[PDB]
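Heads up: numbering here begins at 1 and tracks the sequence.
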Amino acid sequence: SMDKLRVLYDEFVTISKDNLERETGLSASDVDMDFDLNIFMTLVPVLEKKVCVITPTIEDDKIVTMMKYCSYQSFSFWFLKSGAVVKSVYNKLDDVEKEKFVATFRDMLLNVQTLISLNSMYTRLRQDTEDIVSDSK
Ligand code: NI
């Protein structure tokens with residue numbers, strides 16, 4: 001599940017870096033997928049509120065809208081470098097790579113949705129054990 005995300009995330013980063021460095025002239029900072037997963041998890045709720053709920057059948061134009069609301073300065077590889085958003089990069093792509101980028105972003109937000117649900121199972125199992133420990137004191 002982290003496995004299919006790391007494929008997507010690395011695609012998303014390769015595409016983003018190419019455009020970001022070309023357009024700004026600045027050098028990307030180092031990738032930390034884990035740091036960026038946290039950022040993505042904060043972001044999913046805010047995209048669902050700002051635009052619409054994220055379902056596996058969410059339409060292209062809805063994703064493309066969400067790309068306006070995702071700031072590269074928040075992520076490891078672009079930390080505080082410039083004001084670029086994901087749409088800023090979509091807009092520099094040719095019409096073929098636009099479809100790939102929409103697919104990659106959509107599929108990445110889906111894997112992040114499944115990562116959120118798994119994480120709140122891990123915390124449920126942890127509460128279930130913590131409740132046992134304190135129900136002796
Ligand atoms: Ni290009």
Distance-only, no hydrogens or angles: does the [X] side chain make a donor-acceptor pair with backbone N or O of [Y] under 3.5 Å?
X: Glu11; Y: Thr104; answer: no
X: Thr123; Y: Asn119; answer: yes
X: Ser29; Y: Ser76; answer: yes
X: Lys81; Y: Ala28; answer: no

(request) Mind running side chain to side chain contact (heavy atoms under 4.5 Å, CB included) on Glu130 and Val133 for me, showing each step along the way? (result) CA-CA 5 Å; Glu130 272 320 303; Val133 155; 4.3 Å; yes
For the residue pair [X] and [Y], establish whether any side-chain heavy-atom pair is separated by less than 4.5 Å.
X: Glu21; Y: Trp78; answer: yes
X: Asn91; Y: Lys87; answer: yes
X: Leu43; Y: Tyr69; answer: no
X: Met66; Y: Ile63; answer: yes
X: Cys70; Y: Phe105; answer: yes
X: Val44; Y: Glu48; answer: yes
X: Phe77; Y: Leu20; answer: yes
X: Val102; Y: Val64; answer: yes

(request) Please report the closest heavy-atom contact between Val89 and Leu93, naming both atoms and the distance. (result) O-CG, 3.2 Å
(request) Mind listing the closest non-hydrogen atom pair of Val51 and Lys62 along with its distance? (result) CG1-O, 3.7 Å
(request) Would you please test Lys50 and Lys68 for side chain to side chain contact (heavy atoms under 4.5 Å, CB included) and show each step? (result) CA-CA 10 Å; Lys50 255 166 192 181; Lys68 293 213 287 160; over 6 Å; no
So, taking the atom named [atom1] in [X] and the one named [atom2] in [Y], what distance separates them when rounded to the nearest 0.5 Å?
X: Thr129; Y: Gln127; atom1: OG1; atom2: CD; value: 7.5 Å
X: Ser74; Y: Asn38; atom1: OG; atom2: CG; value: 11.5 Å
X: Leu115; Y: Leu109; atom1: CG; atom2: CG; value: 12.0 Å
X: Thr55; Y: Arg106; atom1: OG1; atom2: CZ; value: 10.0 Å
X: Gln73; Y: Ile39; atom1: CD; atom2: CD1; value: 10.5 Å
X: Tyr72; Y: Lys17; atom1: OH; atom2: NZ; value: 12.0 Å

Kindly work out whether a path of hydrophobic side-chain contacts (I/L/V/M/F/W/Y, heavy atoms less than 4.5 Å apart) joins [X] to [Y].
X: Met2; Y: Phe35; value: yes
X: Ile15; Y: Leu26; value: yes
X: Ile116; Y: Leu5; value: yes
X: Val85; Y: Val13; value: no
X: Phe40; Y: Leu80; value: yes

(message) Does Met41 form a side chain to side chain contact (heavy atoms under 4.5 Å, CB included) with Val112? I'd like the steps, not just the answer.
(response) CA-CA 7 Å; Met41 286 188 307; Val112 163; 4.0 Å; yes
(message) Under the criterion salt bridge (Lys or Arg N to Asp or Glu O under 4.0 Å), I'd like the reasoning laid out for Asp128 against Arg124: C-alpha separation, chi angles, the key distance, then a yes or no.
(response) CA-CA 6 Å; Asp128 294 357; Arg124 192 191 310 188; over 6 Å; no
(request) May I have the step-by-step check of side chain to side chain contact (heavy atoms under 4.5 Å, CB included) for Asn111 and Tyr9, ending in yes or no? (result) CA-CA 10 Å; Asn111 271 44; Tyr9 175 78; over 6 Å; no
